[PDB]
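Here is the structure we will look at.
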Ligand SMILES: O=C(CCCOc1ccc(Cl)cc1)N[C@H]1CCOC1=O
Ligand SMILES: O=C(CCCOc1ccc(Cl)cc1)N[C@H]1CCOC1=O
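Protein chains in written order, with the authors' numbering: chain A, 9 to 259; chain B, 14 to 189, 197 to 258.
The following block contains the structure:
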């Protein structure tokens, strides 16, 4: 996870609390759009971008999923697509979840020719330097990037730390609006062996009416049942009949 | 506003961690670090299907681990589920104390359950609620005891935490843009084609096409024609 920043006034702190809180409440796209609007107006810039993207193991982006963009100049867009800078952009090469990255700092250390060429072209349309924050969701190799272009965003150390802890909640909010399909565990086994044993564990039976029933005897029933109760994260078995109440219905 | 200074710190911490909960154990663990800043040791977290009416129809999953071991056995056996005046709350409407909602239940099956609860320590408590009307699914979070409710500062803390536990519960369990004619419009907008080359292909006058182009854009929340193209790229790829 990410550790909160400090050396934030309460306003700064209260504010951030505000953002995270609301973010937990975003569903429809309209919500997400406005929310960012209020964010990018306590922000030394008017050019933002929010994108989902599938991830690899080192948490690089390979393909982009969806973009819920904000302000980027629609000329730099046209050109970004046409020239297919997507490949030569040194920013899509970050490893996600490592927040946050300065455009300037990551532009003086790119040493390819296709890169140094993109970098220069960016520096004309204002994308010379900027900062981007990232969040990743390794359960599913999906990730978020959030960019703001400009030299001024990064000179605001307080606000950088705030946006950086907000990111991972924007990520959650993003996944929610774009209703991506699973992604499935898909679902935790009964499990097979457990269902026969849990199938009946819940109502009207003892370790013995079960072992005999499964031809495993009270003993096998006993060895197998507590794998269940610890599987279902339950201290008590009749507490395991309560938590694992749902499986014997959803299959 | 506010109030206290500290409390915000922990409250903020609770919401931050609850936005990170994926796995089931993560949820388990976290509810412990919550119920140990809590005047009680008997809670419980449950999802349930949400009807148009406030009262729940069926329980989906229970992901708790507090309630005793006897009161459970009995709650099931007697099927108190029906006459429990608590499952009758309407979700998403602040918190409601057990005591306050027990002196105002006036049925006999109810007054009978209420009394049986009062022997097993459930004679008083509190329950916060979160609902998700997009899908009629909702969360309850209970803590049993007279002491939880006498602590105003966290009552309000746990109350604002609830809706984030709700989100965390869903994810732990689950599992539950443009008109088609226009999409053809957009399908072309995206290949470089001008307003004209479209009238061309789908056989519609520019006024007819220049009209659709505007509609798709706002639908997507885009500034211009070349930023609606970008926002919506995920539409013609899936
Ligand atoms: O903001 C970013 C990263 C995201 C750019 O992704 C894309 C990819 C494809 C499309 Cl169509 C649009 C944006 N990069 C800054 C750095 C300099 O110029 C930029 O565009
Ligand atoms: O906390 C609740 C609602 C949740 C009770 O759900 C269940 C259902 C089944 C089981 Cl196994 C356990 C708890 N109800 C309070 C009100 C008085 O006594 C209670 O138990």
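Note that beta-carbon positions come from the ideal geometry of N, C-alpha and C, so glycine has one too.
For residue i, the residue or residues it bridges with in DSSP
i	result
residue 115 of chain A	Bridge partners of residue 115 of chain A: none, in fact.
residue 56 of chain A	A/156
residue 142 of chain A	A/153
residue 110 of chain A	A/139
Of the listed residues the options, nearest to residue i (C-alpha basis)
i	options	result
residue 159 of chain A	A/53, A/241, A/22 and A/25	A/53
residue 60 of chain A	A/200, A/80, A/194 and A/142	A/142
residue 256 of chain A	A/46, A/208 and A/148	A/208
residue 92 of chain A	A/109, A/102, A/76 and A/71	A/71
residue 57 of chain A	A/254, A/172, A/253 and A/154	A/154
residue 117 of chain B	B/101, B/132, B/107 and B/105	B/101
residue 47 of chain A	A/199, A/216, A/249 and A/174	A/174
residue 124 of chain B	B/35, B/95 and B/145	B/95
residue 248 of chain A	B/15, B/258 and B/89	B/89
residue 254 of chain B	B/232, B/198 and B/15	B/198
residue 22 of chain A	B/152, B/17 and B/130	B/17
residue 150 of chain A	A/162, A/25, A/69 and A/51	A/69
residue 107 of chain A	A/80, A/87, A/170 and A/181	A/170
residue 245 of chain A	B/234, B/79, B/26 and B/220	B/79
residue 97 of chain B	B/83, B/82, B/128 and B/76	B/128
residue 216 of chain A	A/243, A/200, A/130 and A/233	A/233
residue 179 of chain A	A/13, A/201, A/76 and A/242	A/76
residue 20 of chain B	B/35, B/176, B/50 and B/34	B/50
residue 34 of chain B	A/133, A/221, A/84 and A/9	A/9
residue 67 of chain A	A/133, A/85 and A/147	A/147
residue 168 of chain A	A/223, A/196 and A/109	A/109
residue 177 of chain A	B/30, B/87 and B/231	B/30
residue 144 of chain B	B/184, B/165, B/186 and B/103	B/103
Interface flag, residue i vs chain B, CB-CB below 8 Å
i	result
residue 251 of chain A	yes
residue 96 of chain A	no
residue 207 of chain A	no
residue 17 of chain A	no
residue 75 of chain A	yes
residue 21 of chain A	yes
residue 246 of chain A	yes
residue 176 of chain A	yes
residue 86 of chain A	yes
residue 9 of chain A	yes
residue 171 of chain A	no
residue 180 of chain A	yes
Interface flag, residue i vs chain A, CB-CB below 8 Å
i	result
residue 213 of chain B	no
residue 69 of chain B	no
residue 63 of chain B	no
residue 30 of chain B	yes
residue 78 of chain B	yes
residue 106 of chain B	no
residue 38 of chain B	yes
residue 147 of chain B	yes
residue 41 of chain B	yes
residue 6 of chain B	Here chain B comprises residues numbered 14 to 258, so residue 6 of chain B is not present and cannot be evaluated.
residue 46 of chain B	no
residue 53 of chain B	no
residue 167 of chain B	no
residue 82 of chain B	yes
residue 25 of chain B	yes
residue 241 of chain B	yes
residue 254 of chain B	yes
residue 232 of chain B	no
residue 103 of chain B	no
residue 217 of chain B	no
residue 160 of chain B	no
residue 113 of chain B	no
Ligand 3 heavy atom lying under 7 Å from the CB of residue i
i	result
residue 118 of chain A	In the structure on display, ligand 3 does not appear, and the ligands it does have are ligand 1 and ligand 2.
Discussion item. Under 8 Å, with one C-beta from each stretch per pair, do the region 135-148 of chain A and the region 96-115 of chain A reach the 3-pair mark?
Written reply: yes
Discussion item. I'd like the ranges of any alpha helix (DSSP H) spanning at least 4 consecutive residues and lying wholly in the region 30-86 of chain B.
Written reply: 37-47
Practice prompt. Report yes or no: do three or more beta-carbon pairs, one from the region 62-82 of chain A and one from the region 211-228 of chain B, lie closer than 8 Å?
Written response: no
Worksheet item: Okay, do the region 37-44 of chain A and the region 206-222 of chain B touch, 3+ Cβ pairs below 8 Å being the bar?
Response: no
Worksheet entry | Length-filtered (3 minimum) beta strand (DSSP E) runs lying within the region 232-256 of chain B | none
Practice prompt. Tell me the start and end of each unbroken alpha helix (DSSP H) in the region 186-241 of chain A that is at least 4 residues and wholly inside, in chain order.
Written response: 200-209, 215-219 and 225-239
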